[PDB]
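Asker: The following block contains the structure, expressed as structure tokens.
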Amino acid sequence: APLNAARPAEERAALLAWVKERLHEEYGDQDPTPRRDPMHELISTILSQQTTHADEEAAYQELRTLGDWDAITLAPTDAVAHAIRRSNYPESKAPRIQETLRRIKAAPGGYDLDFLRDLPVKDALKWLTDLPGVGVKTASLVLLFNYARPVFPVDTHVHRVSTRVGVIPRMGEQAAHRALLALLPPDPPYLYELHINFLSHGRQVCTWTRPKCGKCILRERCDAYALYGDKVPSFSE
Ligand code: SF4
Ligand SMILES: [Mg+2]
Ligand SMILES: [Mg+2]
């Protein structure tokens with residue numbers, strides 16, 4: 001009857017703090033994220049759309065056979081599209097890559113994003129999300145992991161576990177970025193631990209279909225388990 005998702009923000013923030021502590025007990029400092037440098041992360045994200053991880057990595061490395069970022073920026077777009085042919089829609093991704101590189105080069109510094117470290121957090125997010133093919137999750141991940149800014153990336157795993165438990169009601173993934181950050185401290189190491197532990201939990205236990213609730217440390221405070229028991233449905237749209 002009294003679901004977490006309907007509780008006041010202060011109670012949902014305390015719930016999320018409990019979740020963070022329990023997941024850290026389960027996973028510690030285990031980190032399943034790729035931990036890429038910022039240029040690699042941005043370009044990989046552009047290539048990742050509707051593409052498997054193996055094909056994304058292969059397309060990225062084939063792209064790097066064209067040379068450094070300056071050479072990729074200047075290469076004929078068809079050469080870039082051919083190089084990234086393992087990813088879906090290479091003809092559309094090639095101009096996104098070249099435009100993103102052009103904009104990064106024009107920013108202060110070389111092919112780096114260190115200038116983002118000093119910008120106000122919202123301005124830095126907007127600068128990255130303005131890049132073609134780059135969304136708020138990747139912008140948040142780059143700022144958090146590479147630059148220690150207090151933002152919280154929400155991927156499919158974070159969104160699914162948080163929503164099932166009831167830390168937030170059901171909403172879109174972009175909205176969940178604001179909603180979850182509003183429940184969290186401006187503490188980048190804390191935000192990063194929570195992000196990676198959510199990823200571990202979503203991959204190992206709270207899976208997209210048939211989650212393993214009987215193996216889940218969150219079970220006694222999970223809205224989804226309280227509503228469905230051992231029949232929590234797939235996390236759909
Ligand atoms: S109890 Fe089940 S649905 Fe709830 S967080 Fe754990 S695995 Fe996910
Ligand atoms: Mg530059
Ligand atoms: Mg964008």
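Quick note on naming: the chains in the structure tokens go A, B, ... in the order shown, residues restart at 1 in each chain, and ligands are numbered from 1 in order of appearance.
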Kindly compile the residues surrounding ligand 2 within 8 Å, counting only C-alpha atoms and all ligand atoms, and format them as a list in words.
Answerer: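 Result of the 8 Å neighbour search around ligand 2: residues 103, 104, 105, 106, 107, 108, 109, 110, 111, 112 and 113 of chain A.
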Asker: Mind listing the residues within 10 Å of ligand 1, only C-alpha atoms and all ligand atoms counted, as an NGL selection string?
Answerer: :A and (19 or 160-166 or 198 or 201-202 or 204-235)
Asker: Kindly compile the residues surrounding ligand 3 within 8 Å, counting only C-alpha atoms and all ligand atoms, and format them as a list in words.
Answerer: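 Residues satisfying the distance criterion: residues 128, 129, 130, 131, 132, 133, 134, 135 and 136 of chain A.
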Asker: Could you tell me which of A:199, A:16, A:148, A:6 comes closest to residue A:180 if we count only C-alpha atoms?
Answerer: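 So, comparing all the options, the nearest one is A:16.
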Asker: I'd like the neighbourhood of residue A:40 as number ranges by chain, where a residue qualifies if any of its atoms comes within 12 Å (using only C-alpha atoms), though same-chain residues fewer than 6 positions away should be ignored.
Answerer: A: 34, 46-48, 56-57, 59-61, 63-64, 68-69, 97, 100-101, 111-113, 138, 142, 146
Asker: Write a file of the selected residues as an mmCIF file, in the first residue's frame, keeping C-alpha atoms.
Answerer:
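Final output, saved to result37.cif:
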```cif
data_model
loop_
_atom_site.group_PDB
_atom_site.id
_atom_site.type_symbol
_atom_site.label_atom_id
_atom_site.label_comp_id
_atom_site.auth_asym_id
_atom_site.auth_seq_id
_atom_site.Cartn_x
_atom_site.Cartn_y
_atom_site.Cartn_z
ATOM 1 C CA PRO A 34 35.053 0.806 -19.577
ATOM 2 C CA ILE A 46 28.431 8.051 -31.148
ATOM 3 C CA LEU A 47 29.294 4.621 -32.579
ATOM 4 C CA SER A 48 27.301 2.707 -29.951
ATOM 5 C CA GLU A 56 31.358 -0.710 -31.475
ATOM 6 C CA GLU A 57 34.883 -1.494 -30.243
ATOM 7 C CA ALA A 59 34.490 0.180 -35.419
ATOM 8 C CA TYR A 60 36.346 2.503 -33.045
ATOM 9 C CA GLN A 61 39.691 0.762 -33.553
ATOM 10 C CA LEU A 63 38.470 4.388 -37.150
ATOM 11 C CA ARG A 64 41.798 4.928 -35.355
ATOM 12 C CA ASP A 68 45.048 10.862 -35.138
ATOM 13 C CA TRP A 69 42.019 13.072 -34.530
ATOM 14 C CA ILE A 97 32.161 12.102 -35.483
ATOM 15 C CA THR A 100 32.264 16.530 -32.768
ATOM 16 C CA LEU A 101 36.022 16.431 -33.394
ATOM 17 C CA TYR A 111 41.836 17.182 -28.596
ATOM 18 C CA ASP A 112 40.953 17.182 -24.917
ATOM 19 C CA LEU A 113 38.084 18.324 -22.712
ATOM 20 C CA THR A 138 27.493 10.242 -21.625
ATOM 21 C CA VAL A 142 32.547 12.088 -18.750
ATOM 22 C CA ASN A 146 37.055 12.036 -16.001
#
```
Asker: When you count only C-alpha atoms, which of these residues is closest to residue A:66: A:159, A:11, A:80, A:120?
Answerer: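 Of the candidates, the smallest distance to residue A:66 is held by A:80.
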Asker: How would you write, as JSON, numbers by chain, the set of residues in stretch 2-228 of chain A that DSSP gives as helix (DSSP H, G or I)?
Answerer: {"A": [4, 5, 6, 9, 10, 11, 12, 13, 14, 15, 16, 17, 18, 19, 20, 21, 22, 23, 24, 25, 26, 27, 38, 39, 40, 41, 42, 43, 44, 45, 46, 47, 48, 53, 54, 55, 56, 57, 58, 59, 60, 61, 62, 63, 64, 69, 70, 71, 72, 73, 74, 77, 78, 79, 80, 81, 82, 83, 90, 91, 92, 93, 94, 95, 96, 97, 98, 99, 100, 101, 102, 103, 104, 105, 106, 114, 115, 116, 117, 121, 122, 123, 124, 125, 126, 127, 128, 129, 136, 137, 138, 139, 140, 141, 142, 143, 144, 145, 146, 147, 156, 157, 158, 159, 160, 161, 162, 163, 164, 165, 173, 174, 175, 176, 177, 178, 179, 180, 181, 188, 189, 190, 191, 192, 193, 194, 195, 196, 197, 198, 199, 200, 201, 202, 203, 204, 213, 214, 215, 219, 220, 221, 223, 224, 225, 226, 227, 228]}
Asker: Can you tell me how far atom CA of residue A:121 sits from atom CA of residue A:93, in Å to one decimal?
Answerer: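 These two atoms are separated by 27.3 Å.
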Asker: In Å to one decimal, how far is atom CA of residue A:192 from atom CA of residue A:117?
Answerer: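 Atom CA of residue A:192 lies at a distance of 16.4 Å from atom CA of residue A:117.
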Asker: Just give me the gap between atom CA of residue A:137 and atom CA of residue A:154 in Å, one decimal is fine.
Answerer: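 Rounded to one decimal, the two atoms are 5.8 Å apart.
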